[PDB]
Amino acid sequence: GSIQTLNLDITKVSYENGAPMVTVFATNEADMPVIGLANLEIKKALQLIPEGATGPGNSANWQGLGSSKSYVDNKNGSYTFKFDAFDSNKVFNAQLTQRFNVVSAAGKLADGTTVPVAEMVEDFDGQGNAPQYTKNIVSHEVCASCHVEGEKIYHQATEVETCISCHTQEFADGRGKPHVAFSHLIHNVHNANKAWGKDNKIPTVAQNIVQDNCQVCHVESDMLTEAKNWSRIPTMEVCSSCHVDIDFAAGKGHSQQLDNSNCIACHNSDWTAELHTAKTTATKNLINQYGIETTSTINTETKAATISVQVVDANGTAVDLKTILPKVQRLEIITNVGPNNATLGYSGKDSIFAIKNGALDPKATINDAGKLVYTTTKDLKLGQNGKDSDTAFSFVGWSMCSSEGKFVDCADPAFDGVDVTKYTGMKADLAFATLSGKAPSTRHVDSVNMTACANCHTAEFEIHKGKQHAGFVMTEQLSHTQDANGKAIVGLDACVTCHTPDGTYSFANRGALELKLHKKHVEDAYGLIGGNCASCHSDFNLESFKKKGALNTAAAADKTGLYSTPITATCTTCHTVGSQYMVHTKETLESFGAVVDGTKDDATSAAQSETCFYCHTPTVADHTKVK
Ligand code: HEC
Ligand code: HEC
Ligand code: HEC
Ligand code: HEC
Ligand code: HEC
Ligand code: HEC
Ligand code: HEC
Ligand code: HEC
Ligand code: HEC
Ligand code: HEC
Ligand SMILES: [Ca+2]
Ligand SMILES: [Ca+2]
Ligand SMILES: [Ca+2]
Ligand SMILES: [Ca+2]
Ligand SMILES: [Ca+2]
């Protein structure tokens with residue numbers, strides 16, 4: 001017995017007896033009543049002191065009225081709370097909006113049915129009718145873009161409204177700690193200008209992900225009538241969470257301000273909203289000014305691929321590349337072979353910077369039709385490794401020089417790409433070609449896609465922008481299939497051009513794409529992801545292992561490559577053999593057909609000999625499932 005989702009509604013609030021009597025209705029994912037909840041609670045009862053009541057320009061705030069774990073299970077899905085000690089500070093005011101924060105802890109019903117955590121708030125007027133005014137600024141869904149939904153965020157609770165209901169202005173005042181008011185704390189813990197906590201944690205990682213982008217949490221919504229408060233209510237308490245060097249009382253770094261009465265007179269909402277979003281808006285506008293459309297063909301006699309790139313404008317209209325060439329900062333073409341199991345490796349891939357800082361490489365030209373044309377020079381080895389190897393696949397990344405939201409000429413031929421404020425990575429593309437002339441093979445893209453990456457990195461993620469690459473922006477330009485609803489899938493299959501079964505530049509980095517995203521995020525994003533495979537995966541494509549060969553998993557002492565059979569390679573990125581994270585010894589893994597950090601020849605010969613999926617039946621919901 002398992003409940004997938006526990007829904008909670010406050011269906012009745014009655015003050016006929018003084019202390020409100022509060023009824024909660026609980027249903028499962030099929031809208032059936034849930035009877036026997038043992039850990040239901042009113043975590044907080046609050047009422048809303050309105051905007052400006054504590055002083056001109058001051059925020060609305062939640063005043064505390066108590067809590068209750070005293071309830072009767074009415075045996076029909078409803079539960080009725082009473083308060084043994086309502087409003088112990090005697091501040092109740094029926095003219096104020098009243099809020100109740102209700103939580104149900106994860107656990108089991110008596111019959112043993114598992115029940116997940118549930119949290120909610122609901123607002124009322126002082127007689128239990130609908131409220132007359134609210135403080136609805138954000139909703140819990142924004143946090144779930146980056147923090148695993150249903151798991152605690154730092155501590156105490158899983159939904160932001162529960163945090164807000166405890167981390168109130170009253171709470172902070174009572175502790176003498178302004179910074180623990182939630183509207184200060186929330187920005188503090190994602191911004192690196194000052195540390196937080198007794199251990200003085202500098203939020204370097206949070207800063208690098210959030211980048212002070214107000215729109216990842218402050219989102220327009222008809223559901224949230226105070227959503228524009230992030231620009232409409234400037235206060236020293238909130239604005240100082242990132243602006244940590246101003247002393248408004250002493251007038252250092254800013255004119256003296258003794259209260260919040262005049263902030264809005266100067267910091268008008270238009271300005272605050274615009275200035276904090278200007279650069280991401282400008283960059284997004286530049287990215288969407290141009291596109292590219294790429295084709296590739298194989299010469300059947302020379303077996304080389306010729307890649308042709310058509311620049312287009314925002315409407316899809318052709319743009320002769322000669323007209324914008326002086327502003328093209330880089331354009332790179334990387335070609336590998338065998339999209340389901342790349343065959344050329346990292347050293348054997350074809351790659352060129354066809355353009356650098358306005359200059360065409362001698363190996364690339366612009367034809368009379370205005371297209372860039374380049375022909376591969378490395379041995380593509382087409383058709384030498386089975387049918388999949390009939391297909392070459394080419395990844396095109398490019399960037400354009402830019403300053404303050406405008407494209408500009410690349411005036412410096414030697415510009416090294418380190419200063420990312422001087423250029424914009426643009427929409428990348430992917431082109432297939434076959435030696436036979438038959439339709440190309442393509443890699444599966446049905447298990448991970450860019451929408452998941454964009455939840456944390458935004459859709460404008462300029463992947464690898466810097467000294468080494470132009471920056472790959474991933475979009476429907478390189479989509480070649482749709483999901484069951486007809487939405488174009490933006491895959492990461494182009495990344496395999498470099499993230500090959502042989503690894504990347506070193507054999508020691510688990511560079512194969514099947515390994516690399518796991519390695520980076522289990523090492524550096526575990527606080528956000530943990531074992532939550534759904535953070536990237538809609539499914540696992542276990543059938544894809546039948547198209548895989550050996551995967552590079554280590555470097556030998558002499559720096560040559562060591563390889564594993566592909567399921568073992570994929571699981572061991574997070575489950576290192578010989579570590580506390582892997583119960584199977586090397587010997588046992590070999591008894592299941594695996595090769596573990598052996599030669600490419602041995603791992604290749606044994607690549608379809610692994611018996612792991614006889615026992616293991618992983619799903620995204622539970623990847624640990626075994627028979
Ligand atoms: C992606 C753009 C995020 C959004 C949206 C939210 N959070 Fe966040 N948060 C993010 C990162 C990358 C980090 C650093 C993690 C690390 O391991 O260093 C954080 C950190 C926090 C913290 C600090 C404590 C911690 O768990 O590390 C808190 C308290 C926190 N985040 C809360 C939080 C809330 C309530 C959000 C919705 C309003 C929210 N975050 C959104 C990334 C992102
Ligand atoms: C009361 C029922 C709480 C709930 C709900 C939430 N938090 Fe909390 N938090 C609470 C206390 C008593 C404290 C210690 C405050 C102090 O005096 O130092 C905290 C502290 C934090 C912090 C540390 C802030 C800092 O040191 O600057 C963070 C980052 C934090 N809490 C986050 C947080 C989140 C994200 C919550 C909702 C998921 C949340 N808290 C709820 C009490 C309560
Ligand atoms: C998620 C990690 C956030 C980011 C990024 C930014 N804000 Fe935020 N803000 C967030 C929360 C959860 C809250 C509390 C809402 C509540 O109901 O209490 C806030 C609050 C503010 C406020 C206070 C508004 C008020 O009525 O007093 C302001 C002025 C504000 N936030 C501004 C702001 C700006 C300018 C940001 C980008 C630079 C920004 N926030 C980012 C969550 C997050
Ligand atoms: C962290 C999430 C922030 C919060 C909260 C607030 N601001 Fe901010 N501010 C932040 C950044 C990253 C920047 C630089 C933006 C850029 O692209 O250059 C700013 C900048 C300003 C400025 C202009 C700079 C100056 O020297 O004056 C102003 C006037 C400003 N911010 C005001 C402001 C107000 C009024 C805030 C509370 C509503 C506020 N900031 C919060 C980051 C963050
Ligand atoms: C008019 C007399 C103002 C009053 C009243 C308030 N602010 Fe201000 N502020 C004002 C200016 C002209 C600037 C510089 C703008 C620029 O782009 O250079 C600022 C700056 C700030 C900042 C940013 C600080 C920084 O990043 O260096 C913040 C966060 C800020 N101001 C907040 C703020 C608050 C909270 C106010 C009321 C207490 C307030 N300002 C009043 C002009 C004026
Ligand atoms: C939130 C749960 C994330 C998901 C979903 C994705 N990524 Fe991620 N990524 C995340 C964090 C916290 C970090 C560490 C950042 C730091 O400052 O240490 C990363 C790191 C990367 C990087 C490194 C480059 C960088 O800009 O930091 C890359 C190239 C990267 N992530 C790619 C990526 C891909 C392709 C994703 C979809 C499969 C993806 N990320 C999802 C957080 C999260
Ligand atoms: C060759 C031109 C590459 C392309 C195309 C892609 N990546 Fe890459 N990546 C490349 C190298 C040489 C390295 C360093 C060595 C290593 O294997 O770690 C990387 C690294 C990463 C990482 C690790 C974190 C980091 O260094 O940024 C990640 C998460 C990563 N690469 C992801 C990634 C994605 C999602 C790609 C397609 C959009 C992609 N890379 C393409 C070289 C090349
Ligand atoms: C984003 C940071 C990821 C998280 C979190 C997890 N996985 Fe993943 N996985 C990711 C990528 C980019 C790929 C490569 C896709 C490709 O084209 O090669 C994979 C691949 C797998 C596979 C192979 C089968 C497939 O669907 O392609 C497996 C079996 C797999 N991943 C398992 C897995 C598990 C069990 C995770 C939770 C512990 C998990 N992944 C998280 C990206 C990310
Ligand atoms: C990182 C992206 C992982 C990948 C790839 C795989 N697993 Fe995993 N696994 C991961 C975590 C973070 C955890 C939880 C560890 C904890 O104690 O919290 C697990 C756990 C398991 C388990 C259960 C633990 C045990 O001792 O058996 C199993 C059975 C398991 N994982 C299997 C498994 C398989 C078969 C994988 C390849 C298909 C695989 N995991 C990949 C993280 C990651
Ligand atoms: C049945 C005889 C199995 C075979 C065949 C394979 N595995 Fe297994 N595995 C099995 C069990 C009973 C467990 C423990 C489950 C638990 O919840 O305790 C595991 C565990 C793993 C793990 C997690 C290890 C850990 O977290 O310490 C991994 C990563 C794993 N197994 C991988 C794996 C591989 C790669 C296999 C084929 C070579 C394989 N298993 C086969 C049972 C069985
Ligand atoms: Ca209701
Ligand atoms: Ca909820
Ligand atoms: Ca901080
Ligand atoms: Ca295309
Ligand atoms: Ca077999």
Side-chain angles (χ1 to χ4, degrees), residues 7-14 20 22-27 55-59 78-79 98-102 120-125 128-131 178 183-184 187 191 193-194 212 214 230-269 271-272 274-276 278 290-296 307-312 316 333 371 393-398 426-433 440 442 472-481 488-491 493-494:
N7 309 124
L8 300 176
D9 180 12
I10 296 174
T11 53
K12 187 173 179 174
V13 178
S14 170
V22 176
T23 300
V24 172
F25 192 60
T27 53
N58 289 352
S59 306
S78 79
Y79 300 81
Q98 309 291 312
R99 166 168 280 193
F100 299 96
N101 176 210
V102 176
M120 62 73 96
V121 292
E122 186 173 342
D123 296 326
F124 301 87
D125 79 358
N129 312 300
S183 69
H184 183 93
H187 310 101
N191 173 277
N193 286 341
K194 77 179 174 171
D212 306 308
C214 318
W230 68 280
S231 62
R232 172 177 83 81
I233 313 304
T235 62
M236 62 186 83
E237 289 81 356
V238 175
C239 300
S240 70
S241 59
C242 300
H243 293 277
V244 300
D245 292 328
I246 310 174
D247 181 338
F248 285 103
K252 62 156 154 294
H254 192 286
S255 62
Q256 190 179 63
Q257 307 291 320
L258 292 191
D259 57 35
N260 298 312
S261 64
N262 295 326
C263 309
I264 191 62
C266 294
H267 295 283
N268 54 78
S269 175
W271 177 26
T272 295
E274 181 277 331
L275 81 85
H276 288 102
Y290 293 106
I292 55 172
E293 334 185 314
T294 308
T295 60
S296 179
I307 298 95
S308 313
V309 180
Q310 172 77 72
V311 179
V312 294
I333 315 175
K371 295 192 185 81
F393 60 111
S394 300
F395 191 26
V396 180
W398 66 302
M426 300 283 285
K427 296 183 187 176
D429 203 5
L430 177 65
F432 299 85
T442 63
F472 306 103
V473 177
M474 305 294 288
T475 71
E476 295 182 14
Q477 282 188 171
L478 40 70
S479 179
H480 49 79
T481 185
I489 294 173
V490 178
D493 55 315

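Whatever order the structure lists them in is the order used to number ligands and atoms, beginning at 1. Residues take their numbers from the sequence shown, with the count starting at 1.
- A donor-acceptor contact shorter than 3.5 Å links the side chain of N101 to the backbone of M120.
- With hydrogens and angles ignored, the 3.5 Å screen pairs a side-chain donor or acceptor of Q256 with a backbone N or O of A249.
- Of the possible polar contacts, none joining the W398 side chain to the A428 backbone as a donor-acceptor pair under 3.5 Å is found.
- When distances from atom 26 (O) of ligand 5 to the protein are checked, a heavy atom turns up under 4.0 Å.
- Of the protein's heavy atoms, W271 CH2, 4.4 Å lies nearest to atom 12 (C) of ligand 5.
- Counting heavy atoms closer than 4.0 Å to ligand 5, residue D245 contributes nothing at all.
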Apply side-chain contact (heavy atoms from CB on, under 4.5 Å) to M236 and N260, showing your working.
-> CA-CA 7 Å; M236 62 186 83; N260 298 312; 3.6 Å; yes
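- Residue contact check: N260 has heavy atoms under 4.0 Å from atoms 38 (C) of ligand 5.
- Counting only N and O atoms by type, the side chains of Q257 and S255 include a donor and acceptor under 3.5 Å apart.
- Using a 4.0 Å heavy-atom cutoff, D259 is listed among the residues neighbouring ligand 5.
- Short contacts between ligand 5 and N262, defined as distances under 4.0 Å to a heavy atom of the residue, involve ligand atoms 5 (C).
- Nearest residue to atom 30 (C) of ligand 5 from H243, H267, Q257 is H267 (criterion: closest heavy atom).
- With a cut-off of 3.0 Å, the Ca ion (ligand 14) has no N, O or S atom of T294 in range.
- For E293, every N, O or S atom stays at 3.0 Å or more from the Ca ion (ligand 14).
- Among protein heavy atoms, the minimum distance from atom 22 (C) of ligand 5 is reached at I246 CD1, 4.0 Å.
- Shown here are the protein N/O/S atoms lying under 3.0 Å from the Ca ion (ligand 11), water excluded: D9 OD1, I10 O, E122 OE1, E122 OE2.
- Heavy atoms only, all atoms of each residue included: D259 and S261 are closest at OD1-OG, 2.7 Å.
- Summarising the local packing, NZ of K194 is surrounded by more than 12 heavy atoms from other residues, nucleotides or ligands at distances under 6.0 Å.
- Protein heavy atom closest to atom 1 (C) of ligand 5, with residue, atom name and distance, is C266 SG, 1.8 Å.
- Within a 4.0 Å radius of atom 14 (C) of ligand 5, the protein contributes no heavy atom.
- Side-chain contact, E237 with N58: no donor N or O sits under 3.5 Å from an acceptor N or O.
- A distance-only check finds a donor-acceptor pair linking the side chain of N268 to the backbone of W271 [under 3.5 Å].
- Tested against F395, the residues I307, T294, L478 include a single side-chain contact (heavy atoms from CB on, under 4.5 Å) partner, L478.
- For atom 8 (Fe) of ligand 5, the set of nearby N, O or S atoms under 2.8 Å includes one belonging to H254.
- Between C263, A265, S240, it is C263 that holds the heavy atom closest to atom 41 (C) of ligand 5.
- Near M236, meaning under 4.0 Å from one of its heavy atoms, ligand 5 places the atoms 35 (C), 38 (C).
- Residue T235 has at least one heavy-atom neighbour below 4.0 Å for each of these atoms of ligand 5: 35 (C).
- Side-chain atoms of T11 and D9 form no donor-acceptor pair, as typed in the model, at a separation below 3.5 Å.
- A distance-only check finds a donor-acceptor pair linking the side chain of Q477 to the backbone of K427 [under 3.5 Å].
- The atom of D429 nearest to the Ca ion (ligand 14) is OD1, with the search restricted to N, O or S atoms.
- In this structure, atom 18 (O) of ligand 5 has no protein heavy-atom contact shorter than 4.0 Å.
- At least one donor-acceptor pair closer than 3.5 Å links the side chain of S241 to the backbone N or O of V238.
- Heavy-atom minimum distance, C242 versus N193: O-ND2, 2.8 Å.
- Residues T272 and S231 have side chains that never bring a donor and an acceptor to within less than 3.5 angstrom of each other.
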